[PDB]
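Have a look at the structure below, then the notes.
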Amino acid sequence: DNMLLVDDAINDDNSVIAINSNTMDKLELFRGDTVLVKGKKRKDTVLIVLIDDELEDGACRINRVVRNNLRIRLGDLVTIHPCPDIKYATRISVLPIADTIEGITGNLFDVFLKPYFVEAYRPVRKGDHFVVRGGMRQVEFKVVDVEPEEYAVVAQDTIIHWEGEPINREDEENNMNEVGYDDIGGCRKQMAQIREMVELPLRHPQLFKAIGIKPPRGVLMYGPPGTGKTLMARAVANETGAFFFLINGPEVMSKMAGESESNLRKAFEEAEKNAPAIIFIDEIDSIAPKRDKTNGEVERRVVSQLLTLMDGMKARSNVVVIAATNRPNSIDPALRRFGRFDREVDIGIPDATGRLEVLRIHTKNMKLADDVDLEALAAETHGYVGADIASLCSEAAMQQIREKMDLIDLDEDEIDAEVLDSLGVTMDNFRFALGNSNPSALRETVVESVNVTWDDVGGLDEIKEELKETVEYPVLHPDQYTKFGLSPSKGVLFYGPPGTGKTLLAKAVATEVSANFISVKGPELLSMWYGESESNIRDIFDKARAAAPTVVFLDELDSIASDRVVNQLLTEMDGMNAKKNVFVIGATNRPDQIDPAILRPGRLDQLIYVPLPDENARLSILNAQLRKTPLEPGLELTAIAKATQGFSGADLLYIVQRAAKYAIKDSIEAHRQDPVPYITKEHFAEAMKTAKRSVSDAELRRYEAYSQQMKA
Amino acid sequence: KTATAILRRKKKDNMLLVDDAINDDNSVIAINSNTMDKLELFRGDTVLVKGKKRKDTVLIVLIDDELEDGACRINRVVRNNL
Ligand SMILES: Nc1ncnc2c1ncn2[C@@H]1O[C@H](COP(=O)(O)OP(=O)(O)OP(=O)(O)O)[C@@H](O)[C@H]1O
Ligand SMILES: Nc1ncnc2c1ncn2[C@@H]1O[C@H](COP(=O)(O)OP(=O)(O)O)[C@@H](O)[C@H]1O
Numbered sequence: 033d034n035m036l037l038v039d040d041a042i043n044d045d046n047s048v049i050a051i052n053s054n055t056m057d058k059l060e061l062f063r064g065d066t067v068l069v070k071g072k073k074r075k076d077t078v079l080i081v082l083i084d085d086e087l088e089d090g091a092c093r094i095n096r097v098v099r100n101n102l103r104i105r106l107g108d109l110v111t112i113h114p115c116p117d118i119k120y121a122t123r124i125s126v127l128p129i130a131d132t133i134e135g136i137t138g139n140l141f142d143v144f145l146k147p148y149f150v151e152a153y154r155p156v157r158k159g160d161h162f163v164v165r166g167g168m169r170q171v172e173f174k175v176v177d178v179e180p181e182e183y184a185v186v187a188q189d190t191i192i193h194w195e196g197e198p199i200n201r202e203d204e205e206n207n208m209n210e211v212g213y214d215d216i217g218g219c220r221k222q223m224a225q226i227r228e229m230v231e232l233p234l235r236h237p238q239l240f241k242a243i244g245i246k247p248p249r250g251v252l253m254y255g256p257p258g259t260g261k262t263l264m265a266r267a268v269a270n271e272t273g274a275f276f277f278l279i280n281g282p283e284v285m286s287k288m289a290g291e292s293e294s295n296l297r298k299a300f301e302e303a304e305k306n307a308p309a310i311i312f313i314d315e316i317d318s319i320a321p322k323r324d325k326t327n328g329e330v331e332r333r334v335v336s337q338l339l340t341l342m343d344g345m346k347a348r349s350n351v352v353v354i355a356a357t358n359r360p361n362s363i364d365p366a367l368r369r370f371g372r373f374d375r376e377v378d379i380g381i382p383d384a385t386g387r388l389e390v391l392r393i394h395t396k397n398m399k400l401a402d403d404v405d406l407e408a409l410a411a412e413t414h415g416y417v418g419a420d421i422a423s424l425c426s427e428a429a430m431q432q433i434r435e436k437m438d439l440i441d442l443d444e445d446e447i448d449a450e451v452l453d454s455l456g457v458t459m460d461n462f463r464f465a466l467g468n469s470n471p472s473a474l475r476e477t478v479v480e481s482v483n484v485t486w487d488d489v490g491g492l493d494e495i496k497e498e499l500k501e502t503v504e505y506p507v508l509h510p511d512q513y514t515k516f517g518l519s520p521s522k523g524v525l526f527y528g529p530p531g532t533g534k535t536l537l538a539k540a541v542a543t544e545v546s547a548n549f550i551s552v553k554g555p556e557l558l559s560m561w562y563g564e565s566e567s568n569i570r571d572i573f574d575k576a577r578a579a580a581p582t583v584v585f586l587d588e589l590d591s592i593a607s608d609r610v611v612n613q614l615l616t617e618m619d620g621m622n623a624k625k626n627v628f629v630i631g632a633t634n635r636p637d638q639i640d641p642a643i644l645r646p647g648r649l650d651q652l653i654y655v656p657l658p659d660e661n662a663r664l665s666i667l668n669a670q671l672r673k674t675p676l677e678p679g680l681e682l683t684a685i686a687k688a689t690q691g692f693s694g695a696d697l698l699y700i701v702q703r704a705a706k707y708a709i710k711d712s713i714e715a716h717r718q748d749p750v751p752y753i754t755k756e757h758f759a760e761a762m763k764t765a766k767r768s769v770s771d772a773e774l775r776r777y778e779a780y781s782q783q784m785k786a
Numbered sequence: 021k022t023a024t025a026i027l028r029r030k031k032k033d034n035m036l037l038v039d040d041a042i043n044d045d046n047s048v049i050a051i052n053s054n055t056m057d058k059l060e061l062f063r064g065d066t067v068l069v070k071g072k073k074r075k076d077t078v079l080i081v082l083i084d085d086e087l088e089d090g091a092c093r094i095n096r097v098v099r100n101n102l
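Protein chains in written order, with full-length UniProt numbering: chain A, 33 to 593, 607 to 718, 748 to 786; chain B, 21 to 102.
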């Protein structure tokens with residue numbers, strides 16, 4: 033409980049902290065000594081304590097400037113420690129800030145030397161910002177350097193130096209060197225995993241010695257481009273507070289031979305010198321790509337040198353290596369063996385909550401208009417990684433500038449601040465920017481989370497129970513299976529008429545067990561077969577393993593029934622270990638062309654027939670579609686359900702869509718000539763008159779015959 | 021509609037028109053007294069004239085009531101120079 037609550041202070045003094053005597057009693061502090069207050073992200077300061085009985089016990093009084101310097105807000109908890117090693121300063125060097133001296137010239141250092149340090153003995157520390165009043169201005173300077181270390185106190189005999197040039201303020205902010213856990217959202221699981229795999233070796237190495245194990249060193253995080261890998265690495269490095277050193281694949285690969293090895297050796301040696309340290313790499317694929325395609329000697333020697341350096345790392349050393357790559361399988365396989373990068377992590381596209389958090393983080397400095405509905409943007413935007421969200425915000429701001437430019441004239445070199453005061457980003461700007469966006473992650477197989485429950489599934493209760501017994505029990509009750517000795521099956525294959533609710537079933541299954549759904553359509557398999565596609569099935573299954581538990585989906589599996610892809614799929618699936626929580630769900634409308642090998646035990650052996658929806662199922666599905674669209678009061682869907690015998694979910698959805706389109710057209714005409751913003755009976759009448767069936771009766775008979783044949 | 025807002029240039033009273041000069045003066049440009057009155061221009065105070073793609077020059081302003089407001093007295097020499 034030594035931590036104390038941060039409180040707003042009316043006083044503007046930069047070297048006085050007022051606390052109650054009971055606050056000293058808690059730590060048994062003695063009057064007349066400075067105290068060290070440490071906040072977050074390795075931010076600390078030393079303040080002269082005063083007794084103010086007015087303040088209630090546990091309440092402090094620190095000006096806003098000190099809190100801003102510490103990077104903390106009101107109401108935070110800061111650790112307070114005594115100052116047994118209080119020391120005075122012998123030589124301090126400080127420089128001014130040019131933007132803070134605007135409007136007044138001259139040398140105010142001499143003006144501030146005496147009045148501000150007249151036997152004050154104000155404790156000082158590296159990087160502190162202190163504000164002094166000169167003439168008609170209040171100028172803030174920074175503590176460039178102080179001796180003796182580490183913080184010391186500003187004694188009168190201390191020699192003060194001011195020989196140098198002013199340094200910008202926002203330059204430090206944009207350095208990117210200061211980013212904590214707060215600057216990331218939507219990666220709670222991956223962030224926690226990285227923290228566990230990094231902090232423990234560095235913060236508490238004694239655990240591994242106590243338990244008798246060599247702590248892991250090789251951590252490899254991979255994900256879609258522009259997903260925040262570098263930002264997450266920087267954030268964790270700063271939060272740890274250990275020494276940092278970064279290597280860029282493009283940078284190292286851009287220098288002639290020899291120089292690359294020299295740089296790598298120097299980096300490793302320097303990191304070893306200043307342990308604990310973290311070594312980070314970027315685009316490790318570029319320096320160590322797949323050997324099967326790059327036969328050049330330069331990359332061979334570079335990768336060999338990297339391997340030798342990794343192997344030669346001493347047994348006991350607080351150094352952790354982190355690598356980044358878009359393709360998990362692109363890097364040379366030699367790096368993935370034990371004693372090297374083995375702790376693999378996959379980062380997927382953020383879900384709705386992740387998108388909301390990212391948008392909140394980015395939209396923290398722009399002049400957001402009064403009417404903003406970030407929740408709606410999060411709901412609409414799917415498949416957007418953080419980088420695309422930042423681009424969307426930038427484009428919306430650009431559109432706002434387009435709208436507001438008419439007031440000003442661009443020829444003049446100055447813009448009136450009155451216009452600047454009016455700048456604001458409205459919802460329409462975000463809508464337009466979203467309309468002019470271009471997501472790219474979704475075009476490739478990427479792991480994403482789904483949140484579909486059994487409610488969305490319109491019926492098929494028996495299939496629901498069968499699927500539950502098949503999947504959920506081994507995922508949440510493996511003890512029973514181990515006790516009985518029965519291994520869990522993994523190969524499930526749905527077959528039936530198209531548009532009967534298969535993908536939604538797979539999503540629901542993935543949601544129930546809280547697993548990362550993976551989608552792989554038949555065209556993707558065909559492209560992989562022809563080689564045009566980048567990722568291969570091996571990559572898909574490696575990502576599935578790294579993201580376990582997972583549910584992989586194979587749509588139109590008959591579209592590849607080609608034999609090489611089938612053979613590779615069989616090999617990868619059989620190689621999978623059953624104990625791992627990995628499941629494959631195949632779908633096909635023609636369960637006859639599939640090669641017999643796929644149906645062997647230990648593979649896609651479970652066969653599930655998907656029948657057409659029943660009247661109750663049709664009614665439930667229609668209700669599910671009609672959740673946001675207002676309906677004519679008294680509208681009855683039972684007649685529609687009864688008149689739609691043999692229909693499929695897709696056909697019912699299209700019926701709803703055409704009815705909505707007719708209602709919209711009627712509204713347009715009425716408005717041109748919104749009193750009627752909903753649908754009425756006539757639209758449904760037209761829709762049902764324009765009804766049909768996507769499946770012929772012959773196909774239904776064939777499906778029934780095949781299902782009965784499989785039963786017998 | 022508005023996407024091309026940047027391209028269009030705002031209008032202002034100080035911009036003027038180009039016409040051939042009756043006189044042969046080179047460094048001296050004459051404008052109507054009303055145009056000076058709108059901008060409160062006086063006699064003896066040199067004028068910075070900016071043309072196209074940053075071309076600029078300094079001329080001597082004179083009172084010429086005869087001329088249409090916003091119409092200038094500049095010959096082929098000054099036109100080439102600008
Ligand atoms: N939570 C977040 N997740 C992802 N990107 C984020 C997040 N918050 C901000 N960003 C933005 O995303 C970019 C940071 O990710 P970055 O572009 O470094 O990822 P990357 O593609 O893994 O990088 P690298 O160049 O190292 O391969 C910056 O634009 C940052 O503003
Ligand atoms: N139980 C259900 N049976 C059939 N369709 C359903 C069911 N529940 C919902 N639907 C709807 O079926 C439509 C088609 O879903 P989709 O996954 O494309 O089907 P398929 O995988 O058969 O092509 C979706 O709009 C979905 O809302």
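Where is the CB? At the ideal position from N, CA and C, for every residue including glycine.
| Asked | Found |
| --- | --- |
| Contact set for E134 of chain A: own chain, Cβ-Cβ below 7 Å, skip 5 residues either direction | none |
| Alpha carbon of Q670 of chain A to alpha carbon of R717 of chain A, nearest angstrom | 29 Å |
| Contact check, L339 of chain A vs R372 of chain A, beta carbons under 9 Å | yes |
| Distance cut-off 8 Å: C115 of chain A Cβ against heavy atoms of ligand 1 | no |
| Members of the region 24-56 of chain B that neighbour chain A once the beta carbon cut-off is set at 8 Å | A25, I26, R29, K30, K32 |
| heavy atom of ligand 1 below 8 Å from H414 of chain A C-beta | no |
| Interface positions of the region 64-87 of chain B facing chain A (Cβ-Cβ less than 8 Å), listed along the chain | none |
| Straight-line gap, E60 of chain A to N54 of chain A (C-alpha atoms, nearest Å) | 9 Å |
| The region 496-515 of chain A / the region 276-291 of chain A touching (three or more Cβ pairs under 8 Å) | no |
| Sequence-ordered residues whose beta carbon comes within less than 7 Å of a heavy atom of ligand 2 | A:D488, A:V489, A:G490, A:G491, A:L492, A:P530, A:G531, A:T532, A:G533, A:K534, A:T535, A:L536, A:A632, A:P658, A:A662, A:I666, A:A669, A:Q670, A:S693, A:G694, A:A695, A:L698 |
| For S551 of chain A: DSSP bridge partner residues | A:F585 |
| Residues near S712 of chain A in its chain [Cβ-Cβ closer than 8 Å; skip 5 each side] | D748, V750, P751 |
| Residues within the region 419-438 of chain A neighbouring chain B, beta-carbon criterion of under 7 Å | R434, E435, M437, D438 |
| Straight-line Cα distance separating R635 of chain A from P678 of chain A | 43 Å |
| Rounded separation between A686 of chain A and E660 of chain A - CA only | 6 Å |
| Secondary structure of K496 of chain A, DSSP reduced to three states | helix |
| Simplified DSSP assignment, three categories, for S481 of chain A | strand |
| Contact set between residue 744 of chain A and chain B, taken where Cβ atoms lie within less than 7 Å | Any structural detail on residue 744 of chain A is unavailable, because chain A resumes at 748 straight after 718. |
| Partners in chain B for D441 of chain A, counting only beta-carbon separations shorter than 9 Å | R29, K30, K32 |
| Cβ-Cβ separation, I124 of chain A to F173 of chain A (assumed contact under 8 Å), whole Å | About 11 Å; that fails the 8 Å criterion. |
| Heavy atom of ligand 1 within 8 Å of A356 of chain A beta-carbon | yes |
| CA-to-CA distance, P237 of chain A to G90 of chain A, given in whole angstroms | 35 Å |
| Sufficient close CB pairs (3 or more, under 8 Å) joining the region 244-264 of chain A to the region 357-365 of chain A | yes |
| Integer-rounded CB distance, given that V171 of chain A should sit under 8 Å from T132 of chain A | 5 Å |
| Own chain partners of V351 of chain A with C-beta closer than 8 Å, once the 5 adjacent residues on each side are dropped | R249, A303, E304, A307, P308, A309, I310, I311, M345 |
| Stretch pair the region 180-198 of chain A + the region 212-220 of chain A: three plus CB contacts closer than 8 Å | no |
| Span of the alpha helix (DSSP H), counted from its first residue to its last, around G255 of chain A | No alpha helix (DSSP H) holds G255 of chain A; DSSP gives it neither H nor E. |
| Supposed close pair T66 of chain A, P147 of chain A - CB separation, criterion 8 Å | Not a contact, Cβ separation roughly 21 Å. |
| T259 of chain A: CB within 8 Å of a non-hydrogen atom of ligand 1 | yes |
| Inter-stretch contact at 8 Å, needing at least 3 Cβ pairs: the region 457-475 of chain A / the region 395-405 of chain A | yes |
| Reference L614 of chain A; option with closest CA among A:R105, A:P529, A:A429, A:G523 | A:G523 |
| With 16 other Cβ atoms within 10 Å as the buried cut-off, status of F516 of chain A | exposed |
| The region 267-279 of chain A / the region 218-232 of chain A touching (three or more Cβ pairs under 8 Å) | yes |
| Extent of the continuous beta strand (DSSP E) to which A50 of chain A belongs | 48-51 |
| Same chain only: Cβ atoms within 7 Å of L145 of chain A, ignoring 5 sequence neighbours per side | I192 |
| Contact check, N95 of chain A vs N43 of chain A, beta carbons under 9 Å | yes |
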